[PDB]
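Q: I am attaching a structure below and will ask some questions about it afterwards.
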Amino acid sequence: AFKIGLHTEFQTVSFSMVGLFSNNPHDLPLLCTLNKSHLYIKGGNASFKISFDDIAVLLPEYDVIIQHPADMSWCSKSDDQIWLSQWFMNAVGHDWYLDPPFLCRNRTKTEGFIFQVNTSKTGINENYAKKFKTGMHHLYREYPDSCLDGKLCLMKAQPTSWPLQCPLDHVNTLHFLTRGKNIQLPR
Amino acid sequence: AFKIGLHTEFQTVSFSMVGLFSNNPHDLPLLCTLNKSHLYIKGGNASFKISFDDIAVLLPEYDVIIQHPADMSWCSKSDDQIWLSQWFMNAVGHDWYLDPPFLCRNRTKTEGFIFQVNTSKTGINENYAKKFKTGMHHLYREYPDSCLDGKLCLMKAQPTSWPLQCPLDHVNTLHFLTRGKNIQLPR
Amino acid sequence: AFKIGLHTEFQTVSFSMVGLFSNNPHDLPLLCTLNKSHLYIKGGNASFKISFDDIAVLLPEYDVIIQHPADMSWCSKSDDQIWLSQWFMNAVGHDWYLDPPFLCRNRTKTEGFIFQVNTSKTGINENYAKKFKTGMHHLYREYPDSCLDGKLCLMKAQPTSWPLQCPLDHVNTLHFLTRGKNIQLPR
Amino acid sequence: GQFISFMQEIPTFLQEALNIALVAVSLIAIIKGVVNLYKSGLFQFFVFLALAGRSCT
Amino acid sequence: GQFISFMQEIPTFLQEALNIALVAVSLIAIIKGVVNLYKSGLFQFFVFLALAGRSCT
Amino acid sequence: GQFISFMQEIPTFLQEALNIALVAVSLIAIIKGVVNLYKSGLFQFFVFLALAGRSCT
Amino acid sequence: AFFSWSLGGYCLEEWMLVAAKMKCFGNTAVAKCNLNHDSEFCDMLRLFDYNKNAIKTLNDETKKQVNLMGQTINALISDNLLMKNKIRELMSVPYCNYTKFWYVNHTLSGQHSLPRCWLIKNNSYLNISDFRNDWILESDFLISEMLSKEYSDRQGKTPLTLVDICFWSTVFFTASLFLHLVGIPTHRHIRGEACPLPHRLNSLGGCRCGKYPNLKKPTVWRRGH
Amino acid sequence: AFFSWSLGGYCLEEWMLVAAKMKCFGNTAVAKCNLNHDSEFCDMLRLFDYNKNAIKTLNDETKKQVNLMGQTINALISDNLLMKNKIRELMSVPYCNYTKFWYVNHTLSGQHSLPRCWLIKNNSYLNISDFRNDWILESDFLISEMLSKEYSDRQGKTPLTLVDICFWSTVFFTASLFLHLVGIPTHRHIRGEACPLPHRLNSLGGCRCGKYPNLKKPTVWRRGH
Amino acid sequence: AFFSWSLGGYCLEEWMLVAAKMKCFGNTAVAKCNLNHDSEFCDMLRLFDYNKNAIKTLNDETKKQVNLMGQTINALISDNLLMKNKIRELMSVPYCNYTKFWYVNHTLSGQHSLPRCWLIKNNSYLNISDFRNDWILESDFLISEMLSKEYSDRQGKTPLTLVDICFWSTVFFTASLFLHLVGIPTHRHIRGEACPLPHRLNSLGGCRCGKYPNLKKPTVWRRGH
Ligand SMILES: *[C@@H]1O[C@H](CO)[C@@H](O[C@@H]2O[C@H](CO)[C@@H](O[C@@H]3O[C@H](CO)[C@@H](O)[C@H](O)[C@@H]3O)[C@H](O)[C@H]2NC(C)=O)[C@H](O)[C@H]1NC(C)=O
Ligand SMILES: *[C@@H]1O[C@H](CO)[C@@H](O[C@@H]2O[C@H](CO)[C@@H](O[C@@H]3O[C@H](CO)[C@@H](O)[C@H](O)[C@@H]3O)[C@H](O)[C@H]2NC(C)=O)[C@H](O)[C@H]1NC(C)=O
Ligand SMILES: *[C@@H]1O[C@H](CO)[C@@H](O[C@@H]2O[C@H](CO)[C@@H](O[C@@H]3O[C@H](CO)[C@@H](O)[C@H](O)[C@@H]3O)[C@H](O)[C@H]2NC(C)=O)[C@H](O)[C@H]1NC(C)=O
Ligand SMILES: *[C@@H]1O[C@H](CO)[C@@H](O[C@@H]2O[C@H](CO)[C@@H](O[C@@H]3O[C@H](CO)[C@@H](O)[C@H](O)[C@@H]3O)[C@H](O)[C@H]2NC(C)=O)[C@H](O)[C@H]1NC(C)=O
Ligand SMILES: *[C@@H]1O[C@H](CO)[C@@H](O[C@@H]2O[C@H](CO)[C@@H](O[C@@H]3O[C@H](CO)[C@@H](O)[C@H](O)[C@@H]3O)[C@H](O)[C@H]2NC(C)=O)[C@H](O)[C@H]1NC(C)=O
Ligand SMILES: *[C@@H]1O[C@H](CO)[C@@H](O[C@@H]2O[C@H](CO)[C@@H](O[C@@H]3O[C@H](CO)[C@@H](O)[C@H](O)[C@@H]3O)[C@H](O)[C@H]2NC(C)=O)[C@H](O)[C@H]1NC(C)=O
Ligand SMILES: *C(=O)CCCCCCCCCCCCC
Ligand SMILES: *C(=O)CCCCCCCCCCCCC
Ligand SMILES: *C(=O)CCCCCCCCCCCCC
Ligand SMILES: *[C@@H]1O[C@H](CO)[C@@H](O)[C@H](O)[C@H]1NC(C)=O
Ligand SMILES: *[C@@H]1O[C@H](CO)[C@@H](O)[C@H](O)[C@H]1NC(C)=O
Ligand SMILES: *[C@@H]1O[C@H](CO)[C@@H](O)[C@H](O)[C@H]1NC(C)=O
Ligand SMILES: *[C@@H]1O[C@H](CO)[C@@H](O)[C@H](O)[C@H]1NC(C)=O
Ligand SMILES: *[C@@H]1O[C@H](CO)[C@@H](O)[C@H](O)[C@H]1NC(C)=O
Ligand SMILES: *[C@@H]1O[C@H](CO)[C@@H](O)[C@H](O)[C@H]1NC(C)=O
Ligand SMILES: *[C@@H]1O[C@H](CO)[C@@H](O)[C@H](O)[C@H]1NC(C)=O
Ligand SMILES: *[C@@H]1O[C@H](CO)[C@@H](O)[C@H](O)[C@H]1NC(C)=O
Ligand SMILES: *[C@@H]1O[C@H](CO)[C@@H](O)[C@H](O)[C@H]1NC(C)=O
Ligand SMILES: *[C@@H]1O[C@H](CO)[C@@H](O)[C@H](O)[C@H]1NC(C)=O
Ligand SMILES: *[C@@H]1O[C@H](CO)[C@@H](O)[C@H](O)[C@H]1NC(C)=O
Ligand SMILES: *[C@@H]1O[C@H](CO)[C@@H](O)[C@H](O)[C@H]1NC(C)=O
Ligand SMILES: *[C@@H]1O[C@H](CO)[C@@H](O)[C@H](O)[C@H]1NC(C)=O
Ligand SMILES: *[C@@H]1O[C@H](CO)[C@@H](O)[C@H](O)[C@H]1NC(C)=O
Ligand SMILES: *[C@@H]1O[C@H](CO)[C@@H](O)[C@H](O)[C@H]1NC(C)=O
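Protein chains in written order, with the authors' numbering: chain B, 61 to 247; chain L, 61 to 247; chain G, 61 to 247; chain A, 2 to 58; chain F, 2 to 58; chain K, 2 to 58; chain M, 252 to 258, 268 to 485; chain C, 252 to 258, 268 to 485; chain H, 252 to 258, 268 to 485.
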């Protein structure tokens, strides 16, 4: 805010995101980044945390190999969680009947909700790793990638409580709503 | 048409819809509202009448539970009627493999064509009632809703002749053509 | 370039397509027309030649009747070719579960890759002939149609080498990329 | 025919102080110019030429 | 109040040759007009009227 | 260099009645101004100063 | 072709207007939406132009049995504007449905404003008492636009250099007028004597021809004799 | 309704600005994006207007439980601009994320430029040394715009015909001024004689009343006596 | 960055032009489509700019192996314009395919029009006899635009108040010129007598110093002696 030239001044204006995000009567999706591995998505009443590491927690010889969106109904007990899962997978750009499947746990267990995706950077899956990669690159406005050319890069998503520190990003919300269609946000 | 100020006059112009709707060489969909319950749709050579009331005419233990668009082929004898039915259902915004199904009659009967949708405003279906509701709200430019919080609100669609009194609305035609894609209108 | 009026001259500017098509780091689809029957498509590493004539090379009682995109996986040995085939079929505007199927050869043969579509101009298929027709009319910027009202008009697609004489059209590339979505072009 | 349009639209354009000022200045200048032409005597020379040879009054 | 704004913004507008030329022409014209009015004697007539009947000097 | 551009584009701009009227008015005014300067005698004063002390003719 | 006119103009016939007549719009008025994507009137005008050209092509008998797609219609109508209108309807605020348009007319020269959309509410038409604040503004803008248009029309013909030359010539003429009006003294006269011309005296009061002796006589500058 | 203003104007309150205050923008400044589809500031302004009207409709208690669609949001934000910004981010070039805007202010009359987007890079804000080349251009354009606006404001009120009439009257007045200044000879005088008026002599040197005989005497044109 | 230039300008090199040379366009000409979404030339220009910036980023070696999407291309080309062109082609009317453009050039000052698309038909190029009606209009518009541009360039520098003051000073000067030219009577003279000054007579014909008795002698206003 320094005087410029003569009789003309320099002044800036900045908008507050809290009012917009807490005032719109309809609910809106939230996407957040925490540190460099804790990626957060929230929609309706489903709050999912996403991490990338080198631990295997589901195997095709032990749980459900989701191949079609109809088969997705066996992974959760809540319609909101299923809707959010399908929403995210179609936003990323996964072709269900053309790309290798992903793994999910069946509802008849007292464990919880977990779903795992293989995005390793070797072999055939290398190619898939590209596609998914670009997907996330077009939503979070950034990408703190946390897996190199190592043998495995497994992504796990699990539902946790919403931390009260996340930056209230909105470009991600705009891209989320822009990419997918036929989506109605509740109150 | 009253003189305004000085030397300047007030004049209005209004366009005629009959010429446009009867002059375009290709056929165009028609949507109409009659009284407060008779909703009309017309496409190609299929003219459907839609009503909302509290009468059950199909049961899942007696007729076809349509779950996939491939299964839709067992409800009609004409490709035009099947195309219009799928057109309308995708315009409303129904997810075939994620929402409760709807009921249709199989072709091997001399009765006719009837298809029924449950949009009641109670229980689980309450939520679905929202979705479908909004759908119709974005097509007819109005919505003379004819079912309250009562126990059942069943929508029935049946093919009848086209009444020669319907207002020639066109905003509905624009929204119809705008929402769905990969649609070719015949002559 | 003739002098116009006084002190004002006439001059034109024309751009070169070779530089654009050979300089963009990412690969782009190519569509070409040769003589009046040799239609060419090229994407990634798959180069397909399309012809229209009156020869039957596949029969439903001898090879695969592709009905669903999942079933498409039995026609080729390369993911790029399958992706290009699905890309083209969805660009043309074929509804897999609503229109008559098309025929393909299963991978377990040392013959090659061939796929055939029926677009005859008689009987029921007449109607389908319209749809597909319009499809091609919106991609090649022209259409040297090579089959009249005769009994059969069978389209065959087979992979060949890329001729080094094709005009470097780009309106077709624009329409190709415009129509279909969720498509990532590799390098 | 802009003059005719102006003579038609005088009442609307009269509502501006600049307009009345300019038109008053123009009218005063025209009439003063007539006065100065009269006080010149070029018209007197024309009358003298038109009178030469008729009467000596 | 455009005159006040101009008197405020003189230093910025002085940087143009056309501006200084026009203002110099206007000032010269105003002072020459005062000179010509003085050399007229209409003010002399006003003084004569205001003096008539007071003193014969 | 707008003057040079105008002297280059005279034939195109001559096709308008307002243009020929304005240029004729300007030329007439310039030559009449020369005439009036001559009839003044400021140049006569300059000649008198340049002549003072040379010859008494 | 289609509606990309680069400038007594566009006219519409009976089967377009509800009054079953023909109305023509000035080229200046029509050109105001050759690049505007936010005017309901011009979207409907493009639709009617497509209808007319379809009629012409059928008359030409091209016989290209090409089935229409929804994409062509979506490429003529501003879908953003339609969504905005539907949002307005859902929010219970005034909107219009592409049926009735109004404009302010200038009878003296036939100039008119570009028609706007007569907004509706509760299946009725907004009336004069609520629509008042717009006609006066539209008429004032119309008069201002006409004056500015005429000013620009004469602007685009006369070089500024000629105007500047004329102005400077006028100021020179006026300065010379005054300069002649006052007049300047030309020679010297001895105080109390007659005009010594043509014998031009020096500052000393004498002449170099010998007629006027150098007697230091007083000299005063004079113009006339 | 919504943001289609046809022209001390638009103001924003605490829950919009991070400074928790209220700022008002001039109508001339706001009107500059009633048709622009390439300004990040005005897209966010439309979003905030939609929020405010949703508040108003909830206060009206319309009770229309209509679930929001992504289409409404996509019909308010320029998705082309968002894709361009994301392309910039992927290409590692400066971009902005709809948080901070800057403008050049004119304190004397309260006129200000339309705010631009303070571009970012590497999770930082571009600073003065790189942003210098824009403020000077913006300020010069601001001053030029103010001068042109005032010129057009006076332009749209006075007829050009009146100006032309005044100019021609002035030139006629000046010509008459000079014409009176010089003066013209009126009659004839015999060389060496006095004024023969009122007896007006002919070209022969005599008069037709008989007072002046036709002696072919020399005659010279004179004005005064 | 990309094509959002806020104002000897943009130039294109060999691998863009078919003539294998370099051509530069004036900034005023280029700026005419910083907001236009209906010009085939500027869509292709944006495509070429994206190609050039991709080259630059590869040279920078960002190594971000991000697969291209069709959405980026769709966000650079006006898909509405492409659909309109394809509609024209299906209707057998002239259209163009982004290969050849033409413009009217002004050699004296290097000013040129914005290139248009040389329309095609039946795999041929429309020729002079059909394209005649456009060059003359384009050239006239070019000359008018140049004159208006120069007028606005001088407009945006000089205050209107100064012009008004100069004009009023000129009219005052002229009025004073005439007023001095005619001259006004100053005192009274008795009919048949000499100048009584400095003794200023009254209306009665006498003076209050006693020199001129009050004899009701006739008096006439005079200026000179
Ligand atoms: C997630 O995807 C990764 C992609 O790398 C899978 O790891 C890969 O698993 C395959 C299984 O066939 C391994 O192939 C085998 O590797 C060695 C030779 O390298 C040998 O045992 C066999 O001849 C065969 O080729 C492949 O090596 C391995 N990749 C790496 C880098 O070790 C992983 O299994 C996937 N996880 C799940 C749960 O599907
Ligand atoms: C169309 O949808 C409506 C949605 O209300 C269905 O009506 C609902 O049917 C269920 C069937 O399980 C009823 O639930 C039962 O209700 C009572 C207690 O209220 C009791 O018998 C059971 O414990 C059970 O909860 C539900 O009450 C009923 N809704 C209402 C408002 O009566 C309807 O059946 C659907 N129609 C078809 C053909 O599917
Ligand atoms: C590709 O599509 C064409 C569409 O014409 C198929 O040709 C049609 O095949 C049907 C088979 O039922 C023929 O129908 C039969 O024709 C005669 C009477 O015309 C008679 O044998 C039967 O009563 C029956 O109607 C039909 O004629 C024939 N069309 C023509 C013009 O000859 C063709 O078979 C399709 N090819 C494949 C491989 O599916
Ligand atoms: C939406 O546009 C429709 C046309 O699609 C407009 O419909 C018009 O509604 C007015 C209402 O007063 C009708 O005026 C009167 O209607 C009847 C039948 O003609 C009669 O009482 C009078 O002679 C008079 O015309 C008008 O006819 C009708 N036009 C059509 C073609 O239906 C309507 O104005 C727009 N919506 C609303 C809510 O106003
Ligand atoms: C993208 O927009 C976000 C908002 O969505 C902007 O976030 C802002 O980032 C700046 C960075 O300096 C923060 O400033 C400082 O942050 C903390 C917490 O307040 C503290 O150190 C200072 O008091 C100061 O405010 C600012 O708070 C933060 N605002 C929000 C709402 O998160 C951001 O500027 C934009 N992106 C980039 C890369 O700049
Ligand atoms: C559509 O754009 C294409 C480019 O994609 C243009 O193709 C050009 O067509 C003209 C037709 O005269 C060709 O001119 C002549 O072609 C050959 C080969 O060079 C030769 O006879 C002459 O030397 C001359 O160049 C031109 O080469 C060709 N350019 C390319 C790159 O193919 C075409 O003009 C546009 N479509 C139509 C129907 O004009
Ligand atoms: C339509 O073309 C009418 C044009 C009117 C021209 C106005 C002429 C004004 C003449 C004023 C002369 C000054 C007095 C001698
Ligand atoms: C705000 O309204 C101020 C307006 C100032 C008007 C300027 C008046 C200039 C007068 C000049 C007269 C010439 C000298 C007799
Ligand atoms: C390029 O900068 C050339 C600028 C030309 C200026 C025109 C000067 C005209 C002078 C006229 C004076 C009037 C006669 C004494
Ligand atoms: C993430 O960062 C926050 C903020 O500093 C910190 O509280 C939290 O523990 C971090 N998480 C991990 C796993 O380090
Ligand atoms: C485990 O998941 C499978 C796959 O959907 C499902 O069929 C099965 O019922 C689940 N297990 C149990 C014990 O129900
Ligand atoms: C609907 O209204 C029309 C027009 O008045 C009338 O003829 C018809 O009978 C009505 N339908 C019913 C079911 O009342
Ligand atoms: C009734 O519908 C079913 C479901 O499609 C179908 O299989 C069956 O054939 C139909 N009934 C008869 C008698 O054909
Ligand atoms: C197609 O045309 C090319 C170019 O003339 C020629 O070489 C080729 O043989 C043609 N193909 C056929 C099948 O005639
Ligand atoms: C031929 O194709 C069918 C259909 O997909 C497939 O099941 C079969 O395995 C193929 N033939 C052989 C010999 O594998
Ligand atoms: C404006 O009114 C006049 C009155 O004579 C009419 O002739 C003219 O057509 C109108 N202008 C239009 C409709 O554009
Ligand atoms: C609409 O008009 C009807 C009468 O036609 C009236 O009963 C109703 O209250 C009005 N509603 C509104 C919201 O103005
Ligand atoms: C609008 O209000 C005016 C007030 O004078 C009234 O005359 C007119 O009838 C009203 N219009 C309607 C449609 O009620
Ligand atoms: C510009 O600065 C002035 C200084 O007094 C301030 O009052 C005014 O609000 C500013 N203009 C804006 C913020 O548009
Ligand atoms: C970004 O800033 C960090 C420090 O915050 C620095 O280490 C890094 O090199 C910078 N990267 C670029 C590309 O400027
Ligand atoms: C930008 O550069 C200036 C140079 O004076 C420096 O003072 C300022 O701190 C820099 N800004 C940042 C954010 O580093
Ligand atoms: C116009 O023609 C001139 C002729 O000298 C040329 O130098 C100039 O580049 C042309 N202008 C363009 C191509 O914009
Ligand atoms: C197109 O040109 C060809 C020759 O190249 C000619 O035979 C044909 O008639 C033309 N068609 C049209 C529609 O002009
Ligand atoms: C266009 O017509 C002119 C008429 O003089 C002719 O010379 C020219 O060759 C024609 N162009 C073509 C491509 O036929």
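Just so it is clear, CB atoms sit at the ideal spot from N, CA and C, and this is done for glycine as well.
(1) Can you name the start and end residues of the beta strand (DSSP E) that A/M8 belongs to?
(2) Going by beta-carbon coordinates alone, are H/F361 and G/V152 separated by less than 7 Å?
(3) Under the rule that 16 or more other beta-carbon atoms within 10 Å means buried, what is M/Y385, buried or exposed?
(4) Where DSSP assigns a beta bridge to L/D113, which residues make up the other side?
(5) Is it true that the stretch 376 to 391 of chain C meets the stretch 337 to 354 of chain C, where meeting means three or more beta-carbon pairs spaced less than 8 Å apart?
(6) Answer yes or no: the CB of H/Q415 versus the heavy atoms of ligand 8, is any distance below 6 Å?
(7) Taking the CB atoms as reference points, tell me whether G/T182 and G/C213 lie closer together than 7 Å.
(8) CA-CA distance, B/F192 and G/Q244?
(9) Confirm the yes/no value for this check: CB of C/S389, any heavy atom of ligand 21, distance under 6 Å.
(10) So M/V326 contacts chain G; which residues on that side make the cut at Cβ distance below 8 Å?
(11) On the DSSP bridge list, what partners appear for H/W428?
(12) Can you list the residues near ligand 11, meaning Cβ strictly closer than 5 Å to any non-hydrogen atom, in the order they appear in the chain?
(13) Run down chain G in chain order and give the residues with a C-beta less than 9 Å from the C-beta of L/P129.
(14) For L/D209, which residues of its own chain have a beta-carbon under 6 Å away from its beta-carbon, when the five flanking residues on both sides are left out?
A: In brief:
(1) No beta strand (DSSP E) contains A/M8, which is instead part of the alpha helix (DSSP H) from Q3 to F14.
(2) no
(3) exposed
(4) L/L214
(5) yes
(6) no
(7) no
(8) 11 Å
(9) yes
(10) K193, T194 and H197
(11) Its beta-bridge partners do not exist; DSSP assigns none.
(12) B/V124, B/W134, B/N166 and B/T168
(13) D155, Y157 and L158
(14) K181
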